[PDB]
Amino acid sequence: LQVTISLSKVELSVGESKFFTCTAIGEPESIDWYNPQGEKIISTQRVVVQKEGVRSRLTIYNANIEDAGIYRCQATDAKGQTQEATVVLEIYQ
């Protein structure tokens, strides 16, 4: 048994910060995050991704109105086949 609670869309207020956990059940080889502009997110000082085994944590710090958009988590097994989940970030104020 693996149980998860996931959300379609999350609302954030400017200045707030939140982390999202992505989980690949299977024998996933890689898990990456893609920002609402198509680009694999590389940890910065303010948006960090820390892979915690079979899970990957994207933490958005000090949110701003430009962080809005669809984020993708994308998993990859060892024969190069992918699978993904998307969460929608809204920024208010």
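Residues carry their position along the shown sequence, with the first being 1.
- The stretch with the higher mean CA B factor, choosing between 41-49 and 22-30, is 22-30.
- Ranked within its chain, residue 2 lands in the highest third, by CA B factor from the PDB record.
- The deposited CA B-factor of residue 93 belongs to the highest third of values across its chain.
- In the PDB entry, residue 10 places in the middle third of its chain by CA B-factor.
- Residue 78: CA B factor in the highest third of modelled residues in this chain (values from the PDB entry).
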